[PDB]
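The next block holds one structure in the form of structure tokens; read it before the comments.
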Amino acid sequence: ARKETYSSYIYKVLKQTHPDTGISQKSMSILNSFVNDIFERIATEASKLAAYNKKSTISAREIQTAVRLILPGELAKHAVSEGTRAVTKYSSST
DNA sequence: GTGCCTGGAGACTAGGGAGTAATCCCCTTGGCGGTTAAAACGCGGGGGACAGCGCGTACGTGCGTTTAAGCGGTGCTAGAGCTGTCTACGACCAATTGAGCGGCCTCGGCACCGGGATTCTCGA
């Protein structure tokens with residue numbers, strides 16, 4: 001039995017950015033609630049936008065428009081930068 | 001550090017969406033005149049925004065007192081999972097039917113338009 005969390009990945013990216021910093025468990029649960037909340041926000045907005053575009057699939061175009069909707073524009077263009085980086089580094093399926 | 005359980009990774013075969021030909025085609029964007037109700041310039045003002053004073057009171061602050069109330073223990077008590085075991089239980093493709101849309105035709109009070117009766121001016 002387990003509960004799905006992202007404390008290991010948060011600690012990994014935090015030590016990757018700055019290894020000389022720590023984080024307690026209460027703030028870890030707060031950030032886990034935060035990432036589940038924004039995942040719920042983006043997923044429901046993408047489902048709304050897919051149902052509005054007469055298309056019952058989820059591509060990356062709806063996610064791009066959804067992160068252009070709810071995120072601010074500097075974070076929106078940084079998010080499309082990170083997303084294009086993720087697709088271009090994932091497409092090399094060798 | 002150490003670790004075993006299990007979601008993660010992934011190729012092959014049916015099987016349903018994507019955007020490129022294609023063509024209507026309706027809505028729109030752009031401009032010319034007019035005319036008109038609304039936008040703009042100005043001018044005297046007076047009524048409402050604003051500074052200041054009178055005051056008194058009620059909260060800023062401090063002190064005796066109670067007053068729950070917090071920290072720590074632990075049994076009492078009764079509410080939250082998990083694996084079996086069985087029952088329902090909502091969907092899949094297909095013939096038949098249906099009931100609300102595409103475009104058509106009929107009423108009906110509101111505003112405009114004319115006569116019957118009444119009132120005003122003159123004539124007979």
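Coordinate-derived values only; no laboratory data. No Cβ is skipped: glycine too gets one built from the backbone with ideal geometry, and neighbour counts run over all protein chains shown.
Reported count of residues in region A:72-94, each being touching a helix residue (DSSP H, G or I) at 6+ places or on another chain (Cβ under 6 Å) and within 21 Å of A:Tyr6 (Cβ to Cβ), is 1. Total residues in region A:37-62 satisfying the condition of being away from DNA strand B (no atom under 14 Å from the Cβ), under 18 Å from A:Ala79 (Cβ atoms) and either of a type outside the set (D, E, K, R) or in a loop (DSSP other than H, G, I, E, B) (or both): the figure is 4. Taking A:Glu62, is it in contact with a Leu (Cβ under 9 Å, 6 or more places away or on another chain) and farther than 28 Å from A:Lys3 by Cα? Yes.
Return the pairs, sorted by first residue and then second, in which the second residue is exposed (fewer than 13 other Cβ atoms within 10 Å of the Cβ) and in a helix (DSSP H, G or I), the first residue lies in region A:25-53 and is among the charged types (D, E, K, R), the beta carbons are less than 8 Å apart, and the residues are 6+ apart or on different chains. That search, which allows pairs on different chains as well, returns A:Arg41/A:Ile70; A:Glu45/A:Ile70. Among the residues making up region A:63-76, a single one is surrounded by 14 or more Cβ atoms within 10 Å (Cβ to Cβ) and outside any helix (DSSP H, G or I): A:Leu71. When the residues of region A:1-36 are filtered to those that are within 16 Å of DNA strand B (Cβ to nearest atom) and among the aromatic types (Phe, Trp, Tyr), the one that is farthest from the chain's Cα centre (by Cα) is A:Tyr11. Of the listed requirements (1) surrounded by fewer than 14 Cβ atoms within 10 Å (Cβ to Cβ); (2) assigned to a helix (DSSP H, G or I); (3) touching a helix residue (DSSP H, G or I) at 6+ places or on another chain (Cβ under 9 Å), A:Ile30 misses just one: (3).
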